[PDB]
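*Asks:* One structure, as structure tokens, below. Some questions next.
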Amino acid sequence: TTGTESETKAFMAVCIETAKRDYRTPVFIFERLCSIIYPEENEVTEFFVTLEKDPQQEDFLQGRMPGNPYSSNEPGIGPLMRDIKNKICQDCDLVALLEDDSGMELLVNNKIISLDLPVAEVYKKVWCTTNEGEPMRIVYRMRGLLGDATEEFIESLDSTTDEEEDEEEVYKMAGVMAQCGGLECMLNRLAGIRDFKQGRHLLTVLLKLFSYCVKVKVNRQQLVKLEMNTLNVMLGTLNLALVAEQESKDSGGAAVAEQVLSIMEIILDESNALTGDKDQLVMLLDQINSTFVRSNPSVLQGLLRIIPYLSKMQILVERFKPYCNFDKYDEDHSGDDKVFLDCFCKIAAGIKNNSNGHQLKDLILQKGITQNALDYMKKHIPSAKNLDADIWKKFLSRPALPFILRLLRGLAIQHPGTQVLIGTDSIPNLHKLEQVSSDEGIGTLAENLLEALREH
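In PDB author numbering, the protein residues as written are 4299 to 4319, 4324 to 4575, 4587 to 4624, 4630 to 4774.
Shown next, in the form of structure tokens:
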């Protein structure tokens, strides 16, 4: 296996053909593929540490650590330097320092190490730079006992420079991998997997490999090709994961679904810089409202990010229309009433500008959702010249007001119909609101709606 990335990719092509000739046989192949594209730093499997007193504090610190050298696998030797501090305080009966993280300092190579740092990283990045293969000597002392610390403090093992690594170059192999055409058979395997339980392991490795492939522009541009049919395969995988997590909680379905959402969103953003049938959007809608997706915010948030790109329409309308009762929303509304209204505003804002998107906006307008919003606004907006009057402040504090403004702005953008409907008798009201700075930001929201209208 050890060889050039080109030889590796040729070996991967061999693996693909062997897989084509079963959700466990090809797993090692994609594992090695990820290893080549992004070699995970070898976790230091086992190392030893010595826990020693500061020789200058020998008479002040009670007890001694008797177990030197300690294995990194020993209880209390990590994962953080704090766990070592706590082990020292416990084994030496230093109970007063156990609750005080500022009372004890740990030194490695005459540097004070932050208690928040991982012991394995301190070993690798601080100790192994000078003492590779020796037990890491950790000196412990009480802070301030001998005066102010003069040693260098290591707060972060990672470089202080905030320089961002070039994902394109970091995963460059994946981009050059496109030449072998793995992306195609990667999608084929994502599809081939019909049993989530048995395919879970293959599915996780394929999605890990996809997360690396989408870092590189050449792979994103290849996956955007309708020939790959990436969208359909990804949607199917997501639905499989959702059903698995619904049938069996903690089956890995949720995590796989979130990964699928992220990859799909990345590919769609690359395409804008994959359009499918609207049935996928209706499936996504049913899912968000499934108890599992509602309970999982990550999955819900990922789903709500891809929904705009996929933009059946009547189904979406009947799903959100009920939550457009702004008058009742002010009277009383549930958390879902709020969540649904926010999601509908987001969908309106993200509606893609095209024939289909225009038709969706026109249908929302015909449903009177915009007309209902305008009527609510006219029924409650005050006419007082002072915009800071108690009446005006009360009208601003209305819970539905912000949601209404957001939805109107989203629908008005790139949609003449909504613009004219609101542009009639409502511009003055919106102008007044924009002049009223409020905690809900009604002024800002109204001004943004007016700017979206300026499109007409």
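Ideal Cβ positions, reconstructed from N, Cα and C, are used throughout, including at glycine.
Measure from the alpha carbon of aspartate 4356 to the alpha carbon of each residue in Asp4497, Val4441 and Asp4680, then state which is nearest.
*Replies:* Within the sequence shown, numbered from 1, the residue matching residue 4356 stands at position 54. Ranking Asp4497, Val4441 and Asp4680 by Cα distance to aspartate 4356 puts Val4441 first.
*Asks:* Can you grab the Cα-Cα spacing for the pair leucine 4726 / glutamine 4600, in whole Å?
*Replies:* Here residue 4726 refers to the residue found at position 408 of the sequence shown. Here residue 4600 refers to the residue found at position 287 of the sequence shown. Approximately 26 Å between the Cα atoms of the pair.
*Asks:* Apart from the five residues on each side of it in sequence, which residues of its chain come closer than 6 Å, Cβ to Cβ, to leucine 4400?
*Replies:* Translated into the one-based positions of the sequence shown, residue 4400 becomes position 98. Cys4391.
*Asks:* Exposed or buried, what is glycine 4615 when buried is set at 16 or more other beta-carbons lying within 10 Å of its beta-carbon?
*Replies:* On the sequence shown, residue 4615 is found 302 positions in, with the first residue counted as 1. Buried, by the Cβ-count rule.
*Asks:* Starting from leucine 4408, trace the beta strand (DSSP E) in both directions and tell me its first and last residue.
*Replies:* Here residue 4408 is taken as the residue at index 106 of the sequence shown, counted from 1. It spans 4406-4410 - the beta strand (DSSP E) in which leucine 4408 sits, taken as one unbroken run.
*Asks:* Determine which residues share a DSSP beta bridge with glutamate 4343 and list them.
*Replies:* Translated into the one-based positions of the sequence shown, residue 4343 becomes position 41. Answer by DSSP bridge pairing: none, since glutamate 4343 is not bridged.
*Asks:* Would you call the stretch 4654-4662 in contact with the stretch 4632-4646, where contact means no fewer than 3 C-beta pairs closer than 8 Å?
*Replies:* yes
*Asks:* For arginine 4727, decide whether its Cβ has a neighbour in chain D, counting only Cβ atoms nearer than 8 Å.
*Replies:* Going by chain labels, chain D is absent from the structure shown, which holds only one protein chain.
*Asks:* Just to confirm, are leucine 4504 and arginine 4326 a CB contact at a threshold of 8 Å?
*Replies:* To locate residue 4504, count along the sequence shown from 1; it is residue 202. To locate residue 4326, count along the sequence shown from 1; it is residue 24. Contact flag set, yes.
*Asks:* Just to confirm, does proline 4328 get its C-beta within under 7 Å of one of the non-hydrogen atoms of the ligand NAP?
*Replies:* Among the components modelled here there is no ligand, and therefore nothing to report on the ligand NAP.
*Asks:* With H, G and I counted as helix, E and B as strand and the rest as coil, what does DSSP make of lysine 4355?
*Replies:* Here residue 4355 is taken as the residue at index 53 of the sequence shown, counted from 1. Strand, per DSSP.
*Asks:* Per DSSP, what are the beta-bridge partners of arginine 4439 in this structure?
*Replies:* Indexing the sequence shown from 1 puts residue 4439 at position 137. For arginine 4439, which the question treats as bridged, DSSP gives the partners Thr4352.
*Asks:* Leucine 4729: which of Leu4767, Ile4709 and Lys4703 sits nearest, CA to CA?
*Replies:* Along the sequence shown, one-based indexing puts residue 4729 at 411. With distances taken between Cα atoms, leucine 4729 lies closest to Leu4767.
*Asks:* Between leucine 4594 and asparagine 4534, what straight-line distance do the alpha-carbon atoms span, to the nearest angstrom?
*Replies:* In the sequence shown, the residue the question calls residue 4594 occupies position 281. In the sequence shown, the residue the question calls residue 4534 occupies position 232. For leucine 4594 and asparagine 4534, the distance between alpha carbons rounds to 12 Å.
*Asks:* Would you list the residues sitting across from residue 4625 in a DSSP beta bridge?
*Replies:* Missing from the coordinates is residue 4625; the shown part of the chain jumps over it, going from 4624 to 4630.
*Asks:* Are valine 4562 and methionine 4536 close, meaning C-beta to C-beta below 8 Å?
*Replies:* As a first step, residue 4562 is located in the sequence shown; it is residue number 260 there, counting from the start. As a first step, residue 4536 is located in the sequence shown; it is residue number 234 there, counting from the start. Going by C-beta atoms, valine 4562 is nearer than 8 Å to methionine 4536.
*Asks:* Closest to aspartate 4418 by C-alpha separation, out of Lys4712, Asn4412, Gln4737 and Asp4460, would be which residue?
*Replies:* On the sequence shown, residue 4418 is found 116 positions in, with the first residue counted as 1. Considering only alpha carbons, the answer is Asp4460.
*Asks:* Are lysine 4307 and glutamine 4481 touching if we call contact CB-CB under 8 Å?
*Replies:* What you label residue 4307 is simply residue 9 of the sequence shown in a count that begins at 1. What you label residue 4481 is simply residue 179 of the sequence shown in a count that begins at 1. It is a contact, given that the beta carbons lie within the stated cut-off.
*Asks:* According to DSSP, is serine 4373 helix, strand or coil?
*Replies:* For the purposes of this step, residue 4373 is taken as residue 71 along the sequence shown, with counting starting at 1. Looking at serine 4373 - three-state DSSP - the assignment turns out to be strand.
*Asks:* Go through its chain and collect everything with a Cβ distance to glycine 4668's Cβ below 6 Å, but skip five positions before and after it.
*Replies:* Residue mapping note: residue 4668 aligns to position 350 of the sequence shown, counting from 1. Within the same chain, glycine 4668 has close Cβ partners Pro4621.
*Asks:* Which of helix, strand or coil does DSSP assign to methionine 4631?
*Replies:* In the sequence shown, residue 4631 corresponds to position 313, counting from 1. Here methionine 4631 sits in helix by DSSP.
*Asks:* Determine whether the beta carbon atoms of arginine 4491 and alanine 4317 lie at a separation below 8 Å.
*Replies:* Within the sequence shown, numbered from 1, the residue matching residue 4491 stands at position 189. Within the sequence shown, numbered from 1, the residue matching residue 4317 stands at position 19. Contact flag set, yes.
*Asks:* In whole angstroms, what separates the C-alpha of residue 4625 from that of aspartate 4645?
*Replies:* This structure gives no coordinates for residue 4625. The numbering of the chain moves from 4624 immediately to 4630.
*Asks:* On the premise that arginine 4724 lies in contact with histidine 4698, defined as a C-beta separation below 8 Å, what is that separation, rounded to the nearest angstrom?
*Replies:* Position 380 of the sequence shown, counted from the start, is the residue given in the question as residue 4698. Position 406 of the sequence shown, counted from the start, is the residue given in the question as residue 4724. Not quite, the Cβ-Cβ distance comes to about 17 Å (not below 8 Å), so this is no contact.
*Asks:* For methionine 4444, does the three-state DSSP call read helix, strand or coil?
*Replies:* Here residue 4444 is taken as the residue at index 142 of the sequence shown, counted from 1. Residue state, collapsed to three classes: strand.
*Asks:* Distance check for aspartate 4655 and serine 4701, CA to CA, integer angstroms please.
*Replies:* The sequence position of residue 4701 within the sequence shown is 383, counting from 1. The sequence position of residue 4655 within the sequence shown is 337, counting from 1. Those two C-alpha atoms are separated by around 29 Å.
*Asks:* In terms of residues, what are the limits of the beta strand (DSSP E) holding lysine 4413?
*Replies:* For the purposes of this step, residue 4413 is taken as residue 111 along the sequence shown, with counting starting at 1. Here the beta strand (DSSP E) through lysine 4413 covers 4413-4415.
*Asks:* If you reduce the DSSP assignment to three classes, tell me which class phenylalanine 4362 lands in.
*Replies:* Reading the sequence shown from its first residue, position 60 is the one you call residue 4362. Three-state result, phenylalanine 4362: coil.
*Asks:* According to DSSP, which residues form a beta bridge with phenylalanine 4512?
*Replies:* Stepping through the sequence shown from its first residue, residue 4512 is reached at position 210. In the DSSP assignment, no residue is bridged to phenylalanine 4512.
*Asks:* Identify, in the order they occur along the chain, each residue of the same chain with its Cβ nearer than 7 Å to the Cβ of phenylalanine 4332, setting aside the five sequence neighbours on each side.
*Replies:* The residue you call residue 4332 lines up with position 30 of the sequence shown. So the qualifying residues of the chain are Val4507, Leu4508 and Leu4511.
*Asks:* Measuring straight from C-alpha to C-alpha, what distance separates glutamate 4567 and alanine 4559?
*Replies:* Here residue 4567 is taken as the residue at index 265 of the sequence shown, counted from 1. Here residue 4559 is taken as the residue at index 257 of the sequence shown, counted from 1. Cα-Cα distance, rounded: 12 Å.
*Asks:* Enumerate in chain order the residues of its own chain whose CB-to-CB distance from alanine 4556 is below 6 Å, with the five nearest sequence positions on each side excluded.
*Replies:* The residue you call residue 4556 lines up with position 254 of the sequence shown. Hits under 6 Å: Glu4547, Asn4609 and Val4612.
*Asks:* May I have the straight-line CA-CA distance separating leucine 4382 from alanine 4398, to the nearest angstrom?
*Replies:* The sequence position of residue 4382 within the sequence shown is 80, counting from 1. The sequence position of residue 4398 within the sequence shown is 96, counting from 1. Answer to the nearest angstrom: the Cα atoms are 20 Å apart.
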